[PDB]
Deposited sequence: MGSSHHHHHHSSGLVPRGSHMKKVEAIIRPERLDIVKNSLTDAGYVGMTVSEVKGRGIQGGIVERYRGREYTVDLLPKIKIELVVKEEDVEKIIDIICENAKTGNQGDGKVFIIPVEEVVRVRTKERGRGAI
C-alpha cells in the first residue's frame, strides 16, 4: 500500500591546470579532435590556500601560484569526453592539479565569415 503524498547545446569548458601539463593536455585534446581553444596565464589557489615556504626556521604562505587557464567552447555532447581528457592528462596525484568549470554559451560567431551557432565552433 502507498500513502498519498503532496537550448543552444553549446558550452564553455574552462579548466585551470598546471603550467607543466599544458602541452600534454593540449596534445591529447588535439589528437581527439577538440582543437578550438584559448589559453591564458593566471595565478590561483584552491581550497588549501596555497603552499608554505620555509626560510631561517620560519614558515611563509605563498597564496597565489602560477597556473594555466584553457577555454574550449564546444558542442554540448562533447563536454564529458573533454572533461575526461583534461582530468586524465592534467592529473599528477598532487593537490593543485586543477579544476574544470562548465559554463553555458548561448551563441558563437566566427568573425571571418559571420557563421553562427554550432557550425562556428
item: Missing C-alpha runs, given along the deposited sequence, first residue counted as 1; value: 1-3, 10-17
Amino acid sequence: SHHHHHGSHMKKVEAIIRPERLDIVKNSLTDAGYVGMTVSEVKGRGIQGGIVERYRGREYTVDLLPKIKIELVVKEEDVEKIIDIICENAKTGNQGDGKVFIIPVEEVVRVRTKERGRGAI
From here on, numbers count along this sequence of modelled residues.
{"query": "Per the entry, higher mean C-alpha B factor between 68-76 and 48-56", "finding": "48-56"}
{"query": "97-105 versus 7-15 - greater average Cα B-factor per the deposited record", "finding": "7-15"}
{"query": "Within-chain third of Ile86 by Cα B-factor, per the entry", "finding": "middle"}
{"query": "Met37 by Cα B-factor - lowest, middle or highest third of the modelled chain", "finding": "lowest"}
